[PDB]
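J.: sequence first, structure after, both from an experimental entry:
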Amino acid sequence: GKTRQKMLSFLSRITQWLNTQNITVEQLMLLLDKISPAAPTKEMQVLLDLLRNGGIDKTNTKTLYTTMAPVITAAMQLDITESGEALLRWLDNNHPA
Amino acid sequence: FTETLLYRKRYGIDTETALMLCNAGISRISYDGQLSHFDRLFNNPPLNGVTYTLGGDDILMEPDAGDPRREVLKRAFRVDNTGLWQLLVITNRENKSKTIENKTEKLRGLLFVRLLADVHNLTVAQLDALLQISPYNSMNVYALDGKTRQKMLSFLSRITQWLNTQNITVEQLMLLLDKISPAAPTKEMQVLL
Amino acid sequence: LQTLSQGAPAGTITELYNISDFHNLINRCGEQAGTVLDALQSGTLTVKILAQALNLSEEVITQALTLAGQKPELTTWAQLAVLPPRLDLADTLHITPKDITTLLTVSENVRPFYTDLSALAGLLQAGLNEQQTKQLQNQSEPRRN
Amino acid sequence: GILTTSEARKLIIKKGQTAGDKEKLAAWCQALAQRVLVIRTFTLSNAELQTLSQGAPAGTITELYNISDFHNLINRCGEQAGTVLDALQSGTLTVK
Amino acid sequence: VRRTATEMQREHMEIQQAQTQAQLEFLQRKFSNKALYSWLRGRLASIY
Amino acid sequence: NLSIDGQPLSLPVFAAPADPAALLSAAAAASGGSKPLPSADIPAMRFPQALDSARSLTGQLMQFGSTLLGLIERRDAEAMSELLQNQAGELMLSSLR
Amino acid sequence: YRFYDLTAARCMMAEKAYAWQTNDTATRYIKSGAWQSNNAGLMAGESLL
């Protein structure tokens, strides 16, 4: 009787939260998918060719982010280069294994 | 009979038009006390008071000719002077005769070819272009058995519904499928080269 | 303009009629008018390419060409100004352009034969509607009574 | 009878183009314009084109049926169609 | 008559939808889109 | 289940209509590999002069790239300007109808 | 497109002159990735300079 109760409360909470945040279930799936990788794409090979070429990304930390930042913020279509600079920091501080 | 029910189910037609699609002859005989299909097709009213009999030996389809029987055919099959020759082309592209005979089966063949276009919401030039893209290039309406006619109607219905869904007309499809048959290049061609 | 630049007469009214008819025909050509005037500037304008441009049948334009007969040799723009009145008149009467020299020869004759008169009567009645031919029968039968 | 583009390059750089084999090049460009019209009448993208560029039959109706069905499927793919046609150009397109 | 006018209003609205989709498709397929200037912006920011 | 006038006593069989389908088109990022470097050969000019000779052509290619991006951008504006007028004409037909 | 192939060999001539006048053939400066077919080669001369 208790874990069913808690399960229904969980489903009601997540459903009301997805209705308030204007995002659907499939977008939440894409937020929470484990990767299970495969072969990279051709756009991936473009990205790796562009970071591999150009100036060598600096071996000092806080310079690695600001040199890797503009190509990553181009490749993700983010707004500002400093946003893409902090994105590498946010995946570096924590990330799935 | 089941083709008649199907061809009435789609296209929403009268049942006698569905029978005329189903390779049935034109009835001279009045059914249920009205004008017969032959008389309501040709003699409603008789053109210049001439009751169109099947006298024989004299109908000519080439447009630069003078014949009074051509005009009841142009009124009956709802087509102009070029289009009537175009119907005679579509009837048999291997038969290159200019005249027809005045029998009741030739009128049946022309009526069938006309209903092929009128049912599918085509003009007869569009049907002439649309049977060139077809596997029914060489066809005969007087060797037309029950199966290849069936398949032909299914082909025309499929291509018509496909052109309505893809929002493209018959003439654009003609330009998609034209054999080139080249000639001298343009001045824009000489710019390109 | 460049078709008309090499010798289009302008300077009286009956020449502006021709320029307006030519402009009407090229507007009917539309997007494919460039290759039409390119073929006309060369010596390669045929009835097939011009019927392809106007989206009319080849067996119609070669009939309207027979009226004021220049029939196969379309080399100048002045032969193209003839077409739009013939095509408009063969539109407003649902007949072909071959079907109208009989109109001009019978309807201008002072003693027309009965056979030509009937061969034009059924000719004009053939292009009518079903509603129109019923209305014509409703008009015609009290007269003959 | 329409030229290979290598043969078209060999023809287009000549000493003097003859009375013949210049309407051949014109027929080649007419075939090019017909394939442009095939492309624009289905509104197919760059990626759909480059998938079809390596050997899509076009030239009869039952092949345009297939091209229209392929265009319908890639429109159903939508925003994620790029990785689908990238996987199809490689050998890694799976059902997942 | 007013109902067959409002059905034509609906058809007008559907053809406006198709035109808006054609405009969106044109802004995505074109060469000077968001992605081109995004890659050029990031690449010049790195070079700069 | 009719009345004495033949009118149906039941409420008619209702059918809620289908929602209009959202249109969706294929969108793909452009794919393209980089171009490899040309082969090398020692020139006749020394480095302070051959460097200037290379700098001249690279500045000229900067000019070509700016001009080309202007022409692409301007073509890409004119194509939309013509698209809008074709759409306005085929919409004006419906308004007149 | 055919001007990029002109100026890239000039960059290579500059690099070979640098490698000859100071004997440093291990280092390299004119590196690849200057052309990018996603950009149709736009901003190649910026990277070369």
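T.: Noted; the coordinates are in hand. Numbers count the residues shown, from 1 in each chain, chains lettered A, B, ... in the order given.

J.: isn't residue B:175 right up against residue D:36?
T.: No - Residue B:175 is not in contact with residue D:36 according to CB atoms under 8 Å; the separation is 10.9 Å. Bear in mind the C-beta positions are built from the backbone N, C-alpha and C, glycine included.

J.: so which residue of chain A comes closest to chain F?
T.: residue A:42 (4.8 Å; CB to the nearest CB).

J.: would you confirm that that residue contacts residue F:31?
T.: Yes - with contact defined as CB under 8 Å, residue A:42 counts as touching residue F:31 (4.8 Å).

J.: overlap in contacts of the two?
T.: Counting by CB atoms under 8 Å, 6 or more residues apart in numbering or on different chains, the shared contacts of residue A:42 and residue F:31 are residue D:86.

J.: what residues does chain A have near chain F?
T.: Contact residues, chain A versus chain F (CB under 8 Å from any CB of the partner chain): A:42, A:43, A:45, A:46, A:49, A:53.

J.: residue B:71 versus the residue nearest to residue B:63 when sequence neighbours are not counted, what's the distance?
T.: Nearest residue to residue B:63 in three dimensions, chain neighbours excluded: residue B:81, at 4.8 Å (CB to CB, 6 or more residues apart in numbering or on different chains). Going from residue B:81 to residue B:71 by CB to CB, to the nearest Å gives 9 Å.

J.: ok, the most centrally placed residue in chain E - contacts?
T.: In chain E, the C-alpha nearest the mean C-alpha coordinate belongs to residue E:24, at 1.3 Å (CA atoms, centre = their mean). The contact partners of residue E:24, by CB under 8 Å, 6+ apart, come to residue F:25.

J.: how much space between it and chain A?
T.: From residue E:24 across to chain A, the span is 16 Å (CB to the nearest CB, to the nearest Å).

J.: helix, strand or coil for that residue?
T.: helix (DSSP: H, G, I helix; E, B strand; the rest coil).

J.: if I look at it, how far off is chain B?
T.: Here residue E:24 is placed at a distance of 17 Å from chain B (CB to the nearest CB).

J.: and if you look at residue C:71?
T.: 12 Å.

J.: returning to what we had before: what is the burial count for the residue nearest to residue B:63?
T.: Counted by other CB atoms under 10 Å in any protein chain shown, the residues lying close to residue B:81 total 27.

J.: ok, now which ones touch it?
T.: Applying CB under 8 Å, 6+ apart, the residues contacting residue B:81 are B:63, B:70, B:74, C:95, C:96, C:98, C:99.

J.: ditto for residue B:149
T.: residue B:23.

J.: which element, helix or strand, includes it?
T.: helix B:146-165 (DSSP states H and E).

J.: which residues of the chain fall in helices?
T.: Since no chain was named, I'll use chain A. Counting by DSSP state H, chain A has helices at residues A:2-20, A:25-32, A:42-52, A:64-75, A:81-93.

J.: other chain: chain D
T.: D:5-12, D:23-42, D:46-52, D:61-77, D:81-89.

J.: could you say what helices and strands the fourth one packs with?
T.: Same thing as helix D:61-77. helix B:146-165, helix B:170-177, helix D:23-42, helix D:46-52, helix D:81-89 (3 or more CB pairs under 8 Å, 6 or more residues apart in numbering or on different chains; DSSP states H and E).

J.: quick one, phi/psi of residue B:50?
T.: Backbone torsions for residue B:50, taken as degrees, to the nearest 10, come to phi -100, psi 110.

J.: what's around the residue nearest to it when sequence neighbours are not counted, how many residues?
T.: The shortest distance from residue B:50 to any non-neighbouring residue, by CB to CB, 6+ apart, is to residue B:68 (6.8 Å). Neighbours of residue B:68 under the rule other CB under 10 Å: 18.

J.: quick one: contacts for residue B:68?
T.: Per CB under 8 Å, 6+ apart, neighbours of residue B:68: B:47, B:48, B:50, C:118, C:119, C:122.

J.: please tell me how far the third one sits from residue C:142.
T.: Between residue B:50 and residue C:142 the computed distance is 20 Å (CB to CB).

J.: and the residue of chain C found nearest chain E, how far from chain A?
T.: The minimum distance from chain C to chain E, using CB to the nearest CB, falls at residue C:31 (18.7 Å). Going from residue C:31 to chain A by CB to the nearest CB gives 38 Å.

J.: and that residue, helix, strand or coil?
T.: Residue C:31 carries the three-state label helix when classified by three-state DSSP.

J.: re the thing from before, contacts only, for the residue of chain A closest to chain F.
T.: D:86, D:89, F:31, F:33.

J.: interface residues of chain A facing chain E?
T.: Listed as neighbours of chain E in chain A under the rule CB under 8 Å from any CB: A:50, A:54, A:55, A:67, A:70, A:71, A:72, A:73, A:74, A:75, A:77, A:81.

J.: format the helices and strands packed on helix D:61-77 as CSV; extra columns: distance to residue D:8.
T.: As requested, the helices and strands packed on helix D:61-77 are exported to CSV (distance: least, CB to CB, whole Å):
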stretch, distance to residue D:8
helix B:146-165, 33
helix B:170-177, 22
helix D:23-42, 6
helix D:46-52, 20
helix D:81-89, 26
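
J.: which parts of chain E sit against chain G?
T.: Listed as neighbours of chain G in chain E under the rule CB under 8 Å from any CB: E:31, E:36, E:39, E:40, E:43, E:44, E:47.

J.: right, and the last one touches residue G:47 too?
T.: Yep, that's residue E:47 we're talking about. Yes - between residue E:47 and residue G:47 there is a contact under CB under 8 Å: 6.1 Å.

J.: residues in chain E within reach of chain F, list them.
T.: So far as CB under 8 Å from any CB goes, chain E lies against chain F at E:8, E:11-12, E:14-19, E:21-28, E:30-32, E:35.

J.: buried subset of the residues you listed?
T.: Those of the residues of chain E next to chain F that meet the buried threshold are E:12, E:19, E:22, E:25, E:26, E:28, E:30, E:31, E:32, E:35, by 16 or more other CB atoms under 10 Å in any protein chain shown.

J.: overlap in contacts, residue E:47 and residue G:47.
T.: With CB under 8 Å, 6+ apart, residue E:47 and residue G:47 have common neighbours residue A:54.

J.: tell me which of these two has more neighbours.
T.: Ranked by neighbour count (other CB under 10 Å), residue E:47 and residue G:47 place residue G:47 first, with 22 against 13.

J.: about what we covered before: more neighbours: which of residue B:50 and residue C:142?
T.: Shown here are residue B:50 and residue C:142; by other CB under 10 Å, residue B:50 has more neighbours (14 against 7).

J.: so what's that one up against?
T.: Residue B:50 sits in contact with B:68, B:72, C:122, where contact means CB under 8 Å, 6+ apart.

J.: show me what it bridges to in the sheet.
T.: Under DSSP bridges, the beta-bridge partners of residue B:50 are residue B:47.

J.: for it, give its distance to residue D:69.
T.: 54 Å.

J.: likewise residue G:38?
T.: In this view, residue G:38 and residue D:69 are 29 Å apart by CB to CB.

J.: so between the two, which is more surrounded?
T.: residue G:38 (20 against 10).

J.: look at that one and give its secondary structure.
T.: coil.

J.: so what's it up against?
T.: Counted by CB under 8 Å, 6+ apart, residue G:38 has contacts A:46, E:36, E:39, F:29, F:30, F:31, F:32.

J.: same check, this time on residue D:58
T.: Contacts of residue D:58 by CB under 8 Å, 6+ apart are D:35, D:38, D:64, D:67.

J.: of those residues, just the buried ones, PyMOL syntax please.
T.: Here is the PyMOL command that selects the buried residues among the contacts of residue D:58 (16+ other CB under 10 Å):
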select buried, chain D and resi 38+64+67
